[PDB]
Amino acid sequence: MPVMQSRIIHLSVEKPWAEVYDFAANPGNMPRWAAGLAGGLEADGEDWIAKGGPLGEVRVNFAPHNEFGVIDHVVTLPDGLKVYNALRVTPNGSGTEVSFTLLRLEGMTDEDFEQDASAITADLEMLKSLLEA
C-alpha cells in the first residue's frame, strides 16, 4: 500500500480552538457542514453509518476524544476499502487552523483529485460559516 501524493486543505476560523473542536468533533453535527452527510449520520455500535442514495452504504470511524485537536476518521467504502482522513484543529493566535490531509487514491485523474479537494474546501468553508455566526 504505497505512499500517495497529498494536499493539505486548510483554513482559519475566528473562534477558540476548544470551541471549534467541541462542535466539529461531535459526529452528529457532521451532516451540518459535510455535504456528503447532509442526508444524515446515525450511531451504529461505537461507530457511525451514512445511509442512502447512489452508494447506499458508508461507515465512518472517528478517532477517540483527545486534547490534541485530532478528528481523524476512517471511511469504509461499500466495496470494503478503508480510507484514512487526517483532520485536525490547532490554535492560530486567538483563532483556529482547521486542516484536512487529502490522499490521492490509486489511478485517480488530476480532475478527480481537484473535484475532491474543492468539495473538502467547501465542507470546511461551511464549518467556518457555522462557527462564526
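Residue indices: 1-based, along the sequence shown.
K.L.:
Quick one: say whether 25 to 33 or 52 to 60 has the higher mean Cα B-factor in the deposited entry.
P.N.:
Looking at the record's C-alpha B-factors, the answer is 52 to 60.
K.L.:
How does the C-alpha B factor of residue 91 compare with the rest of the chain: lowest, middle or highest third?
P.N.:
For residue 91, the deposited C-alpha B-factor lands in the lowest third.
K.L.:
By the recorded C-alpha temperature factor, relative to the other modelled residues in its chain, which third is residue 104 in?
P.N.:
Its C-alpha B-factor, which the entry lists for residue 104, ranks in the lowest third among residues of this chain.
K.L.:
Quick check for you: using the entry's CA B-factors within this chain, is residue 110 in the lowest, middle or highest third?
P.N.:
CA B-factor rank for residue 110: lowest third.
K.L.:
Once the chain's modelled residues are ordered by C-alpha B factor and cut into thirds, is residue 71 in the lowest, middle or highest one?
P.N.:
Its C-alpha B-factor, which the entry lists for residue 71, ranks in the middle third among residues of this chain.
K.L.:
Classify residue 19 as lowest, middle or highest third according to the C-alpha B-factor given in the PDB entry, relative to its own chain.
P.N.:
Ranked within chain, residue 19 CA B lands in the lowest tercile.
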